[PDB]
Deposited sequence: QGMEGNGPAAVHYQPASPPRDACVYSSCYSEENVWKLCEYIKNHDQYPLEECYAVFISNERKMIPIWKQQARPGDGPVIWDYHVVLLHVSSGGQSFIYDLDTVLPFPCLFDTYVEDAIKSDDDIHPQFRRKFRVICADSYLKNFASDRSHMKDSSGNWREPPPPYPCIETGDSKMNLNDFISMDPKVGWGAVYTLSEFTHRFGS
């Protein structure tokens, strides 16, 4: 028996609506997270400065993620990329908001990294996960997607689009690949290995 030695995380209140009430389209996690950022900005509970959009991917665009709703069970979904929201609460504890996880929404950072990401030590190195972390304000200011990656060569939708017009800015109509890329020479934010990501946001 031993004491943990503060309790702020025990009473943490979610920054999102309940999972069921969030804006959500399958296979558009970049936009689902953008909409979570917009919700937080427009409400009076938390500052966006405490929040980050997190792109997960790698050079070959094949990342395993466990505890995903698309594949109930103990196996992974292999995504090209996946996007989650990270909130660094004022007490210091980080929380992950993944609308596609079977884990709690939100989920303590350590449990998400241990159960959804898992160690990369026994994974063949080219499948290892990298993390592009963009402050939520910068994400809202700079992200743009014309959804052209979700249409085949005939213009047919690979998955049904979200029910609102494409997110664009004055600078761009499409820069999604600059967020999926894990090359630091591209895009916004910071690119981290798994160990760097856990060092920065873990407890």
Which residue ranges of the deposited sequence are not present in the modelled coordinates? 6
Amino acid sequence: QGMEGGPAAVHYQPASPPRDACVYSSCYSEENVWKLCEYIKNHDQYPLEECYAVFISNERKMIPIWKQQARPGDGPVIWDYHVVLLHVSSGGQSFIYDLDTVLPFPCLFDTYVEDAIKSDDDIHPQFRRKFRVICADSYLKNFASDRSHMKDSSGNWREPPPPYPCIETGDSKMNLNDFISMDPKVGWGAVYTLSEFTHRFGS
From here on, numbers count along this sequence of modelled residues.
Mean C-alpha B-factor higher for 121-129, or for 79-87? 121-129
Averaging C-alpha B-factors over each stretch, which comes out higher, 25-33 or 140-148? 140-148
Should residue 64 be placed in the lowest, middle or highest third of its chain by the C-alpha B factor in the entry? lowest
Which third of the chain holds residue 100 when residues are ordered by C-alpha B factor: lowest, middle or highest? middle
By the recorded C-alpha temperature factor, relative to the other modelled residues in its chain, which third is residue 57 in? lowest
According to the PDB entry, is the CA B factor of residue 15 in the bottom, middle or top third of its chain, that is, lowest, middle or highest? middle
In terms of its chain's C-alpha B-factors, the third that includes residue 191 is the lowest
